[PDB]
Amino acid sequence: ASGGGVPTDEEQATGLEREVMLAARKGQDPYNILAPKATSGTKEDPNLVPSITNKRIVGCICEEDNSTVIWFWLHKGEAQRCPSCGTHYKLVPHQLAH
Amino acid sequence: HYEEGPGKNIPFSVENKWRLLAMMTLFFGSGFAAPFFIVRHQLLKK
Amino acid sequence: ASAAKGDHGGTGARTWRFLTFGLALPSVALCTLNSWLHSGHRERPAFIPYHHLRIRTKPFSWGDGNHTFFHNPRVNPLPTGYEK
Amino acid sequence: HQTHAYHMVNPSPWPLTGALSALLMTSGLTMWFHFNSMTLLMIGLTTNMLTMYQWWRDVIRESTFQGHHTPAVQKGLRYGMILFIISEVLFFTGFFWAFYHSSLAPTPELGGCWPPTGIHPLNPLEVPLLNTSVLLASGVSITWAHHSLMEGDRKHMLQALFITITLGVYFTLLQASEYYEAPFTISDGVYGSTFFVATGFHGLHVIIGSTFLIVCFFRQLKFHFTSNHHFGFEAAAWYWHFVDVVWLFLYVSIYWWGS
Amino acid sequence: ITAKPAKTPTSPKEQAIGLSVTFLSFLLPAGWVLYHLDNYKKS
Amino acid sequence: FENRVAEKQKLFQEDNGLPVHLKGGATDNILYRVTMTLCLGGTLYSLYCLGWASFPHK
Amino acid sequence: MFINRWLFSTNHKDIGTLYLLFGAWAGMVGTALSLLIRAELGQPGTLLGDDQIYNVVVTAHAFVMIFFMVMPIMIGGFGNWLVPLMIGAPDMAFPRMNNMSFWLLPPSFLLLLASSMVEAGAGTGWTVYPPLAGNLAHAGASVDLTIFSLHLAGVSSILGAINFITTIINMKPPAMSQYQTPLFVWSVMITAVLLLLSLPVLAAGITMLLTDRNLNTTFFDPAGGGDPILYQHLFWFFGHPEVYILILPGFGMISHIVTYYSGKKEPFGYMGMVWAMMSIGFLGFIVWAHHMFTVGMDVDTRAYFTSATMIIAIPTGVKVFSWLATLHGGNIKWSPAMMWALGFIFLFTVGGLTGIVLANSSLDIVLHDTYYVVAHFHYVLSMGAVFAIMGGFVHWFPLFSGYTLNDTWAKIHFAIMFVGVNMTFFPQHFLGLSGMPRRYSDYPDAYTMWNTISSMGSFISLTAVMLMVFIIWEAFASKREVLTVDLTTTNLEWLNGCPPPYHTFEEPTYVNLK
Amino acid sequence: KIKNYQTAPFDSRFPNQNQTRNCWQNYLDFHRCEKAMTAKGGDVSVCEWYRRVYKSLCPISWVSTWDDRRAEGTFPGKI
Amino acid sequence: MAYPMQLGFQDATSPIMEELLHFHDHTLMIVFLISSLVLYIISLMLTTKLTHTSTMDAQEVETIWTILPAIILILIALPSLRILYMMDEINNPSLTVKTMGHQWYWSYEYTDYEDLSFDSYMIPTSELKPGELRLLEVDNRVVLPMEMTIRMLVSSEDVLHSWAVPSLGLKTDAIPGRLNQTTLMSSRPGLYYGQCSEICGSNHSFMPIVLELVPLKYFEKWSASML
Ligand SMILES: CCCCCCCCCCCCCCCCCC(=O)OCC(COC(=O)CCCCCCCCCCCCCCCCC)OC(=O)CCCCCCCCCCCCCCCCC
Ligand SMILES: CCCCCCCCCCCCCCCCCC(=O)OCC(COC(=O)CCCCCCCCCCCCCCCCC)OC(=O)CCCCCCCCCCCCCCCCC
Ligand code: HEA
Ligand code: HEA
Ligand SMILES: CCCCC/C=C\C/C=C/C/C=C/C/C=C\CCCC(=O)O[C@H](COC(=O)CCCCCCCCCCCCCCCCC)COP(=O)(O)OCCN
Ligand SMILES: CCCCCC/C=C\CCCCCCCCCC(=O)O[C@H](COC(=O)CCCCCCCCCCCCCCC)COP(=O)(O)OC[C@@H](O)CO
Ligand SMILES: CCCCCC/C=C\CCCCCCCCCC(=O)O[C@H](COC(=O)CCCCCCCCCCCCCCC)COP(=O)(O)OC[C@@H](O)CO
Ligand SMILES: CCCCCC/C=C\CCCCCCCCCC(=O)O[C@H](COC(=O)CCCCCCCCCCCCCCC)COP(=O)(O)OC[C@@H](O)CO
Ligand SMILES: CCCCCC/C=C\CCCCCCCCCC(=O)O[C@H](COC(=O)CCCCCCCCCCCCCCC)COP(=O)(O)OC[C@@H](O)CO
Ligand SMILES: CCCCCCCCCCO[C@@H]1O[C@H](CO)[C@@H](O[C@H]2O[C@H](CO)[C@@H](O)[C@H](O)[C@H]2O)[C@H](O)[C@H]1O
Ligand SMILES: CCCCCCCCCCO[C@@H]1O[C@H](CO)[C@@H](O[C@H]2O[C@H](CO)[C@@H](O)[C@H](O)[C@H]2O)[C@H](O)[C@H]1O
Ligand SMILES: CCCCCCCCCCO[C@@H]1O[C@H](CO)[C@@H](O[C@H]2O[C@H](CO)[C@@H](O)[C@H](O)[C@H]2O)[C@H](O)[C@H]1O
Ligand SMILES: C[C@H](CCC(=O)O)[C@H]1CC[C@H]2[C@@H]3[C@H](O)C[C@@H]4C[C@H](O)CC[C@]4(C)[C@H]3C[C@H](O)[C@]12C
Ligand code: CUA
Ligand SMILES: [Cu+2]
Ligand SMILES: [Mg+2]
Ligand code: NA
Ligand SMILES: [O-]
Ligand SMILES: [Zn+2]
């Protein structure tokens, strides 16, 4: 038998490792470990881009297997379009503060 | 925190262009002079 | 192979402790006996000052410059031969 | 506040102290080989040991104590350790190349034969075979230690890891004794050169790997490792298997085929 | 690329000084050694 | 032995602005100062040794 | 704060800056050494002394240009600054180990300077072949100091290599495949794999040289059954990969510069460019004995190394043709950077083709250890590697500094350099075909004209170097602050401004999977 | 045939640029032949060809070093 | 030897060196063509206001870019490897001569019949006879019969050297403990010069090679006179 005596992550993980472990349990991704899935990206159904400030860099892979990524600052306000494919992105600011 | 922006993200000052000229002179000039002074050193031994 | 037992699908740790105590340490215990049997001091061979052996191109940086780091007087001749 | 999982490291003096350690050790070897003095070298070795101690202490502080080792940081350390081991494989490869070059085309100065005239190789069935059994046994015990850790078994992890360390120490003492008893030396031409430098570098790596395992032993005593998070133990196991495989290549190449 | 006008303009005269001092920092030490090679030879 | 990791986690997460290499207390500062003194003094000695080895003697 | 920032750095940008500063200083040492070479050769007779002082200068020249100028600028400097910015990463994987890679170099350089000041120096060639490099023909500390210099530089680049490979594999946005990373990032990754595999074999060889010199081993000493030629195999197993290490990050920068100043969103044939760099990296490991065609190797070995060497032309040509196809249809901006890149494409091609001449073991009997080889490698290094560096530097100076260069001054600098390097090296082909040996302080009288012209070329190059320092001073003296940069949609490194903040990508980019 | 001897002919055992082993083998063959003939009272003259071939191919300092080591009892090849 | 302002190879003295001059002419034509085509295409890409900045399909052109260079490499490899295997083909030498490298002079041994050896040193500049060549003349030349297959064996008694004669297409490294073989055949009498071609220390630049190629009967009497 195991007489035990080894801590688990549940008991002893701390700091950012613990925050990543507990968010994953609730299916949340505050530390951007997963690729977000696209919407249809129309003006009616824009890609929703979380940020902790009023702007965030978007990279748009316009078509699957494009080697060229298209990069642009997405500002709080009206949806913006990728300058190459026109896909719509909208910033959704929050804070992580708690 | 650390200084940001042009002239501040470097380990040398660019606050005064004449002091900067002196520093760059000593920096690049020391590099270029060193082989001449090692040739001298070796000729002056034997 | 020269192996032949059969996959022991128990606890991982349990199986590897089984191999540690049942195969690995017994092999070490056996090789330890084979070595504390064949380990009697053997007769040192006649010294021949072969020029491809006892190389000295620079003195060693310890001792008198002429003794190797793990010099064994019984079996390691100097370039001029055995000590006594 | 970052919203990625990666580790921004506090500004550290240990890269500079490590770089200067390398200057003192190299200029020290130079002073030892040419100017009959060990003083620079001893300072270098001392600052090197202090650098490694404080650097790896801080990595334990960052991980066990501060929680900076997210799965993403851990996956990076996995790559780093694999790439490090690959660079060590290629290092050993140069010594194997030297051995095969010298031994497959023995020159007239040797007698045009391998082993050279005047060389009496060790019996590969004596201490070299014991050394093989010792490092192979240590690969079994460390696998036991690994499985005990993952299964949450403190006492069997500690027993298996202790046994692994003990076999490492035993190999080290057997090899020191073989060095003392060997009737050939490093100055015995290309036979002594290839034998002592290849097995000598292997021996240093056994001492390094044994040291890494002892660090894991004391970290385990102090409950640092969880049943799921123990990269230092995994890195030390990979390094230990590396040391075992290099031994098997040395045993087959130098002790057996080159005898 | 677009940029602001210079914060601390460097006049033609100031450029002549920077260029002159830069070239002399390379030329004078090497010049000195090379001029005295013959003197170094005897020693 | 007993698991005292939670105590160490509390010490090394204390909001005191110290870098990790000094956050253990006064002993860190001492070991730092000894390491840097040996490195900087050793480096000065290595430069002296160069100067000495750069000129003939006997 | 100064010490914490600049001695205790864990920041990819500052460490990049330290690398560029180190490489610039090293460049000046290398340049001075090159001028001492061409002063010795600039008229028939003896200027400095016999071949010992001369070959100490030649040996140092090579080590400084390769280990202290090119690799630190390209990999340490551009690599650290650009690679994390181009993949949206907040820093390197091992930011503290990164700082040790940097701080190993000043001590490495100190050991090489000590080498040259002790005894009569290491007059070995940068190849350090025994027995000339052994303890009877090179008694004393010099060669051991050289070996230790190389051990420090080796450890630096191996740790830097682990850092880059790990960073590039592990720290991209989760949607970004390796087939969505920029060509410069590919060039650094492939370069790092070559360093990881080649430098340990160099370390093994030079360690065996050290033991032969100091512990009475005989790996390279026939008296003990050793072989000088074994050293050559171990050295060149590293030394051919080393020349691909020196150019690959240049190929990465040229891909970015040609794309940028062609006004294109992307290089022509991305996947062909990735394929070509991997193929070159692989082929660079199986060709090393083209450095050994005169040692006495069997004819079938010579036939194999001839054929395997030439094949490298195919992936290299795909890159050259793909650069031309990138220009094709561009709105060309004739920037200083673009002029460096266009000079690169042509002069690298000439240098590559003289390499192909040398690949032919039968001609190489006559061209080996002559100035034809010297012409080949200065075309690819002093024109290829250096032009990619100057192009990179001019292009990215405003990103690193936040200040603009004077473009007119930059174009003047290019024109002077272009004249000097061509006048220096082109006539070295004639010296090689007509049989002037390498590593000579003096030459038979017939070789005078081409040596004279070559030496005059080198003084023109000196004028360009001195002017470069002034141009850098003028930019920092004037402080024209950058406002707007074109094509940020396809050059992510520019999107955080100039210079970027100390911390970038604290919040990572958003990139979705469609 | 030793009347007509110009130099050592091509030997398909040593077809390549490195001839070290050619010189060594003919040196060994000559001294083995010669040992065997004087030990069976017979005539050394039959060993002559190996003598001519090693003299042609072997550097004088190699022959002279090997001759010294045979007299010293430190020659490493089997004769 | 090389003459002032020379651009190309020394005139061939041996059938092998002639083969190399023709192979070099062929390879040089390809080098000039590729380098001038690349320079021309650069100028063509940069001399139009016409633009095409949208994505370009690469599949078709990459076929051309790999197959044409592959064929060109084959067109170089074919004659290259012919000459390589031609150089290696069995001759029957009439004579064997050894050269040993030293710091800093060559020694020669002609030991097919008699014990003939000598040292060959550079003539110092202050001792040249009028019209003699600075750094090239030796005291004792390497006298050899013309129009005959000679086996040269090269080694060293110290560090690496390399024994070269450009007009005969010869360069053979001199390695201590090793005996390298090359074959020499001069179509012509004369004086054929070369220089040490592996860095070997203080006087690397100052240990040249002079072959003196003469009719067999002059070679035979010279040999007898040198005993
Ligand atoms: C507060 C306590 C401080 C005490 C300790 C430190 C003293 C600090 C002073 C006082 C501190 C208070 C604040 C003062 C700010 C700076 C003062 C200044 O203008 O003083 C100048 C400073 C800084 O020094 C340097 O930076 C050296 C370069 C000098 C300027 C050249 C400009 C080059 C521009 C062109 C390059 C383009 C590429 C960049 C383009 C990228 C742009 C972003 O001096 C030093 O104190 C040098 C200390 C070393 C730090 C690391 C430098 C990296 C070494 C480079 C490798 C050399 C290879 C030799 C190899 C060795 C072989 C032997
Ligand atoms: C600034 C540099 C210094 C200037 C030096 C210029 C040279 C002027 C000298 C007096 C000139 C008179 C004759 C002109 C021919 C000169 C060049 C040439 O044909 O070279 C001659 C050969 C050897 O060939 C020979 O065997 C001699 C051929 C002569 C035949 C013509 C009729 C005979 C009269 C010539 C006199 C000798 C005849 C006797 C000899 C008989 C046989 C040996 O040398 C080589 O192999 C060099 C290999 C270099 C490889 C680089 C590849 C090309 C890059 C640039 C291409 C694009 C252009 C932009 C170019 C951009 C730059 C890269
Ligand atoms: C950046 C450094 C660098 C690079 C990239 C190269 C690239 C090449 N090198 Fe070079 N080389 C050196 C640096 C470099 N070299 C150094 C420093 C030495 C000397 C070491 C010493 O002794 O100190 C040397 C020595 C050297 C030798 C030894 C010669 C001797 O000592 O006798 C040889 C022999 O094969 C060689 C060949 C080549 C070849 C075939 C390439 C190829 O990679 C080139 C391929 C490129 C092209 C061909 C041009 C572009 C292609 C096209 C436009 C397609 C069409 C072309 C064809 C169909 C041919 N090199
Ligand atoms: C990168 C490698 C490199 C570079 C750039 C050079 C550049 C030069 N080299 Fe050299 N050279 C070698 C590597 C290089 N060399 C090697 C490996 C050997 C063989 C060594 C051996 O035989 O053992 C050699 C040999 C060699 C010889 C033969 C010596 C002999 O055989 O006796 C000669 C002779 O003319 C020569 C000359 C020159 C000259 C005049 C330059 C000039 O073109 C230099 C001009 C100046 C520069 C190109 C500027 C450099 C500075 C920067 C680029 C930094 C600034 C950057 C920023 C601010 C970011 N070199
Ligand atoms: C089980 C082993 C125990 C631990 C080792 C013990 C002592 C120090 C050894 C260090 C390990 C290094 C290995 C390679 C170096 C040299 C050979 C060492 C192997 C050894 O210890 O061999 C001994 C020789 O030691 C000698 O020369 C003396 C050697 C001491 C001098 C130090 C050598 C300095 C070499 C510098 C290494 C630089 C490489 C760095 C690579 C960095 C990567 C870039 C053998 O003894 P012997 O009397 O000849 O023969 C036996 C006869 N009874
Ligand atoms: C492109 C390469 C593909 C093929 C690789 C194959 C590898 C090994 C082949 C060896 C097989 C030959 C063995 C029997 C015959 C004897 C060989 C021999 O003799 O080879 C000798 C030594 O080779 C030696 O050590 C050989 C040493 C090996 C050098 C290979 C380098 C690779 C090292 C890196 C590999 C990393 C892998 C990581 C490990 C997991 C050298 O030749 P000589 O005798 O000096 O000849 C001289 C003349 O007299 C001939 O006339
Ligand atoms: C002559 C003098 C020579 C030198 C003498 C001896 C030198 C070295 C002794 C051996 C090395 C000891 C290394 C100790 C490392 C301790 C830190 C550690 O292991 O750190 C771990 C990360 O791994 C990491 O950095 C992994 C770090 C990997 C370290 C690699 C070790 C190899 C070093 C060998 C040196 C090369 C020399 C080669 C000679 C040619 C921490 O993460 P975890 O373990 O997941 O903990 C977290 C959990 O608690 C959370 O719940
Ligand atoms: C033998 C030697 C031969 C001499 C050759 C001289 C070499 C170089 C000539 C330099 C001429 C610069 C080229 C054109 C202008 C660029 C740089 C410049 O001198 O100043 C320009 C404007 O002057 C402004 O207003 C700023 C006003 C401040 C004036 C200070 C500058 C002095 C003028 C330059 C003359 C230098 C001569 C010195 C000779 C030693 C700045 O750059 P822009 O024009 O804004 O272009 C970039 C834009 O896209 C940015 O938005
Ligand atoms: C002859 C004498 C020559 C002397 C030269 C010696 C040079 C220097 C001596 C000083 C070195 C000792 C100091 C310890 C260094 C430990 C490095 C390490 O362990 O680095 C780790 C990365 O490399 C990894 O994992 C894995 C990589 C582990 C590397 C360990 C150190 C190896 C040093 C020698 C390298 C030999 C190369 C192999 C072939 C010869 C950790 O990365 P950091 O960026 O710190 O932290 C990141 C944080 O997230 C951690 O919380
Ligand atoms: C050099 C000396 C030899 C040392 C060899 C070290 C090999 C290290 C590879 C580890 O591979 C092992 O394969 C075992 C297969 O035997 C498995 O064990 C266990 O896994 C199962 C469940 O986890 C148990 O039920 C099984 O009984 C048990 O074998 C286990 O996946 C794994 O560790
Ligand atoms: C490799 C690139 C470098 C080569 C090109 C450099 C040209 C250098 C410019 C001149 O440098 C100076 O030249 C003076 C002579 O013109 C020297 O003075 C010397 O000559 C004068 C007149 O003879 C005396 O007044 C001085 O005292 C005496 O030191 C002086 O020392 C030296 O600094
Ligand atoms: C901050 C700490 C870092 C700075 C430490 C600086 C220490 C400087 C100590 C003095 O230096 C030398 O150390 C060696 C000590 O053993 C001696 O070598 C010696 O080597 C041989 C004896 O082993 C003698 O014959 C030589 O004469 C002798 O120089 C030498 O004399 C002694 O002066
Ligand atoms: C003290 C501790 C029990 C309490 C706890 O787990 O902290 C036990 C568990 C495992 C034990 C160790 C293991 O049994 C392995 C070793 C066995 C040797 O006989 C003594 C030392 C040895 C290294 C032991 C020391 C000590 O008794 C340990 C460390
Ligand atoms: Cu002998 Cu160069
Ligand atoms: Cu190569
Ligand atoms: Mg050579
Ligand atoms: Na000269
Ligand atoms: O090359
Ligand atoms: Zn898009």
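Virtual Cβ from ideal backbone geometry, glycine too; neighbours counted across all protein chains shown. Just so it is clear, none of the values below were taken in a lab; they were calculated from the coordinates.
For region G:199-244, a residue qualifies if it is within 7 Å of chain D (Cβ to nearest Cβ) and not in a helix (DSSP H, G or I), and the qualifying residues are G:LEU215, G:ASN216, G:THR217, G:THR218, G:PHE219, G:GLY225, G:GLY226, G:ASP227. Is it the case that region H:26-42 has a residue that's surrounded by fewer than 19 Cβ atoms within 10 Å (Cβ to Cβ), closer than 20 Å to I:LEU116 by Cβ and of a type in the set (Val, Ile, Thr)? No, there is no match, as no residue in region H:26-42 is surrounded by fewer than 19 Cβ atoms within 10 Å (Cβ to Cβ), closer than 20 Å to I:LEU116 by Cβ and of a type in the set (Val, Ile, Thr).
The rows are residues; the columns are (1) crowded, with 24+ Cβ neighbours inside 10 Å; (2) within 10 Å of ligand 3 (Cβ to nearest atom); (3) among the basic types (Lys, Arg); (4) not in a helix (DSSP H, G or I).
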| position | (1), (2), (3), (4) |
| --- | --- |
| G:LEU358 | no, yes, no, no |
| G:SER362 | yes, no, no, no |
| G:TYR372 | yes, yes, no, no |
| G:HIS376 | yes, yes, no, no |
| G:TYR379 | yes, yes, no, no |
| G:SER382 | no, yes, no, no |
| G:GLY391 | yes, no, no, no |
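Candidates are the residues of region F:22-58 that are of a type in the set (A, V, I, L, M) and crowded, with 18+ Cβ neighbours inside 10 Å; the one that is nearest to D:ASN10 (Cα to Cα) is F:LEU38. Within region I:16-43, being over 33 Å from the mean Cα position of the chain (by Cα) and surrounded by 12 or more Cβ atoms within 10 Å (Cβ to Cβ) holds for I:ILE41, I:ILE42. The condition of being away from chain A (no Cβ under 14 Å) and in a loop (DSSP other than H, G, I, E, B) holds for only one of D:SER12, D:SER21, that being D:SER12. Count of region D:220-243 residues, restricted to those that are part of a helix (DSSP H, G or I) and farther than 12 Å from D:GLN74 by Cα, is 11. Could we say that D:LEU24 is crowded, with 23+ Cβ neighbours inside 10 Å and in contact with a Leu (Cβ under 9 Å, 6 or more places away or on another chain) here? For D:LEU24, the condition - crowded, with 23+ Cβ neighbours inside 10 Å and in contact with a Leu (Cβ under 9 Å, 6 or more places away or on another chain) - is met. Screening chain A for strands (runs of 3 or more DSSP E) wholly inside it with 2 or more residues that are surrounded by fewer than 16 Cβ atoms within 10 Å (Cβ to Cβ) and more than 9 Å from chain D (Cβ to nearest Cβ) returns the ranges A:70-75, A:88-93. Please go through region G:426-458 and pick out each residue that is under 24 Å from the mean Cα position of the chain (by Cα), away from ligand 17 (no atom under 16 Å from the Cβ) and in a helix (DSSP H, G or I). G:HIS429, G:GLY432, G:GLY457, listed by residue number. Annotation: of all residues in region I:81-135 being polar (S, T, N, Q) and in a strand (DSSP E or B), the one that is farthest from the other protein chains (Cβ to nearest Cβ) is I:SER120. On the stretch given as region H:5-37, residues that are among the β-branched types (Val, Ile, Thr) and without any contact (Cβ under 8 Å) to a residue 12 or more places away in the chain total 1.
Could you look through region I:168-202, keep only residues that are of a type in the set (D, E, K, R) and closer than 18 Å to I:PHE9 by Cβ, and pick out the one that is surrounded by the fewest Cβ atoms within 10 Å (Cβ to Cβ)? Applying the filter and picking the extreme gives I:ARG188.
Quick check on G:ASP364: is it within 10 Å of another protein chain (Cβ to nearest Cβ), more than 16 Å from ligand 11 (Cβ to nearest atom), in contact with a helix residue (DSSP H, G or I) (Cβ under 6 Å, 6 or more places away or on another chain) and acidic (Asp, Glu)? Taking the combined requirement at face value, the residue satisfies it. When the residues of region G:116-136 are narrowed to those that are closer than 22 Å to G:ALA204 by Cβ and out of contact with any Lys or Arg (no Cβ under 9 Å at 6 or more places or on another chain), which ends up surrounded by the most Cβ atoms within 10 Å (Cβ to Cβ)? The extreme case among them is G:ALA122. For region F:11-27, the set of residues classified as facing another protein chain (nearest Cβ under 8 Å) and either assigned to a helix (DSSP H, G or I) or β-branched (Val, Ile, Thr) (or both) consists of F:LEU11, F:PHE12, F:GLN13, F:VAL20, F:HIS21, listed by residue number.
None of C:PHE69, C:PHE60 is at the interface with chain D (Cβ under 10 Å from one of its Cβ atoms) and within 17 Å of the chain's Cα centre (by Cα) except C:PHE69. Taken together, the residues in region D:137-147 that are in contact (Cβ under 8 Å) with a residue 12 or more places away in the chain, facing chain C (nearest Cβ under 7 Å) and among the hydrophobic types (A, V, I, L, M, F, W, C) amount to 2. Checking each residue in region E:1-22 for being more than 16 Å from ligand 1 (Cβ to nearest atom) and closer than 30 Å to B:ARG40 by Cβ picks out E:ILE17, E:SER20. Could you grab me the full set of residues in region D:24-40 that are of a type in the set (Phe, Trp, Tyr) and not in a helix (DSSP H, G or I)? Within region D:24-40, just D:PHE35 meets the criteria.
In this structure, does D:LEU167 turn out to be away from ligand 3 (no atom under 16 Å from the Cβ), buried (at least 19 other Cβ atoms within 10 Å of the Cβ), more than 14 Å from chain A (Cβ to nearest Cβ) and of a type outside the set (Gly, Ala, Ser)? Spelling it out, D:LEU167 is indeed away from ligand 3 (no atom under 16 Å from the Cβ), buried (at least 19 other Cβ atoms within 10 Å of the Cβ), more than 14 Å from chain A (Cβ to nearest Cβ) and of a type outside the set (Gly, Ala, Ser).
Could you list all residues from region G:248-264 that are part of a loop (DSSP other than H, G, I, E, B) and either crowded, with 21+ Cβ neighbours inside 10 Å or under 20 Å from the mean Cα position of the chain (by Cα) (or both)? If the condition is that a residue be part of a loop (DSSP other than H, G, I, E, B) and either crowded, with 21+ Cβ neighbours inside 10 Å or under 20 Å from the mean Cα position of the chain (by Cα) (or both), then G:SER262, G:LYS264 are the ones that fit. Just one of (1) more than 9 Å from chain I (Cβ to nearest Cβ); (2) over 30 Å from I:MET87 (Cβ atoms); (3) more than 18 Å from the chain's Cα centre (by Cα) fails for G:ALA289. It is (2). Here region C:19-56 is the region considered, the condition is being more than 9 Å from chain D (Cβ to nearest Cβ) and in contact with a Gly (Cβ under 8 Å, 6 or more places away or on another chain), and the residue that is nearest to D:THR107 (Cα to Cα) is C:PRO49. Flag not set for D:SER87, criterion: surrounded by 18 or more Cβ atoms within 10 Å (Cβ to Cβ), away from ligand 11 (no atom under 16 Å from the Cβ), within 24 Å of the chain's Cα centre (by Cα) and within 14 Å of chain A (Cβ to nearest Cβ). Restricting attention to region H:30-40, does a residue exist that is outside any helix (DSSP H, G or I) and on the phi > 0 side of the Ramachandran plot? Within region H:30-40, not a single residue is outside any helix (DSSP H, G or I) and on the phi > 0 side of the Ramachandran plot.
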